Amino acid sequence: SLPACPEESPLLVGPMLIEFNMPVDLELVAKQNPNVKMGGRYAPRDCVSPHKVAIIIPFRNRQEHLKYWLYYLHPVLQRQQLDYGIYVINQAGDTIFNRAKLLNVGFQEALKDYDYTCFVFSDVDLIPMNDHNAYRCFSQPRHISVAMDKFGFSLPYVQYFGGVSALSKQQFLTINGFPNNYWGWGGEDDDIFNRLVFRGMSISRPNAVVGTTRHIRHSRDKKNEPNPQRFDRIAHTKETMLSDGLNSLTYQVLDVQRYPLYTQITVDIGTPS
C-alpha cells in the first residue's frame, strides 16, 4: 500500500529554459532518465498517481522534433508524478496526412497496453515552458498549449483547442472520439471543440503564464496541404459526430516498436473514402 501522491506534485520547479539548437542523443536521454521503462513508461516509486495517462503524438517524418520532445517532456512528466506512457502514432505511407485519425488509433491502441483513464494529445513540436502546466485530465476537457510563442503567448482565438490537449477516457468516449475525415491541414481541432460543446462540456485551461509553450519553427510538411473542405466540415459537426469517429474507425497496425523512451505504432489509416 503506497500512499496516494500529493494532489499537486512537490517536485515542480515552474518556469524552464527551452531551446532547440543543440543536437540530441536519445541514448543519452535514456541514461539521463533511468527510471523510464521500455516503451517510455513511468510511474512514481513512492506513491500511486491517480493520473494514468497515455500521451499520444501524431507523427510522420519528424524524428528531429521528436527527440527534442522526448528530451524536454520526459523529465517534466516524471516531476508531475504521473503514471504515463508515450505513444507515437506513425502514419505509414506517403499520402495525405490525417492528424485526428491517428489520434483515434492512439487512444484505441494504448488502451490495449494498460488501463489508461486519461489521454493527452500532443503535437510533436510543442514543448511546455512551465512544469506547473499539468499533462493530465480534469473534470472538463483540458486545453494545455494555451500561450504559444508563435501566437504571441496567448490564444489565437478563444475557442482554439489545437496543439496539446487532454481528455479523460469518459470525455473522449462521450464525443465519439475525434473525426476521421479531416485529411490535410486545418479544422479537426475546431471540430473536436464543437464536439465537446455539443456534449455539454466546456474547456478548462491553465493561466497564460503557466501555459506558455514553445513551438519548434519548421517549414511546411509535404502531404499536409490545407484542407479546402475544412470550413464546410466544422459547420456540420453536430450531425456528423454521431456516426464519424470511434464508432466508424478502422486501420491496420503494420508495426509496434518498443523503444526505451517511447512506443511507436506504425499504422496504415488509408486515404479518403
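The term rigid core refers to the most C-alpha atoms you can superpose between the two forms while keeping them within 1.5 Å. One-based numbering along the sequence shown.
Undergrad: Out of 177-185 and 116-124, which shows the greater rigid core-aligned C-alpha deviation in 6 other deposited structures of this protein?
TA: Clearly, after the core fit, the stretch farther away in 6 other deposited structures of this protein is 177-185.
Undergrad: Do the Cα atoms of 42-50 stray more than those of 234-242 in 6 other deposited structures of this protein, or is it the other way round, with the core held fixed?
TA: Evaluated in 6 other deposited structures of this protein, the stretch farther from the shown form is 234-242.
Undergrad: Does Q229, which is modelled here, drop out in at least a third of the other compared PDB entries?
TA: Negative; every one of those entries includes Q229.
Undergrad: Among the other entries of this protein that model both neighbours of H65, is it absent from at least a third?
TA: No: coordinates for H65 present in every compared entry.
Undergrad: If you average the CA temperature factors as listed in the entry, which stretch comes out higher, 160-168 or 91-99?
TA: It is 91-99 that shows the higher mean C-alpha B-factor.
Undergrad: Could you check which stretch, 24-32 or 64-72, carries the larger mean CA temperature factor in the entry?
TA: It is 24-32.
Undergrad: Report the third (lowest, middle or highest) to which the CA temperature factor of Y259 belongs, ranking only the modelled residues of the same chain.
TA: It falls in the top third of the chain.
Undergrad: Going by what the PDB entry lists, where does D123 fall on CA B-factor within its chain: lowest, middle or highest third?
TA: According to the entry, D123 has a C-alpha B-factor in the chain's lowest third.
Undergrad: Within this chain's modelled residues, let me know which third the CA B factor of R79 belongs to: lowest, middle or highest.
TA: For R79, the deposited C-alpha B-factor lands in the middle third.
Undergrad: State the tercile, meaning the lowest, middle or highest third, of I56 with respect to the CA B-factors recorded for its chain.
TA: Its C-alpha B-factor belongs to the lowest third of this chain's values.
Undergrad: Going by the recorded CA B-factors, say which third of the chain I265 sits in, lowest, middle or highest.
TA: CA B-factor rank for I265: middle third.
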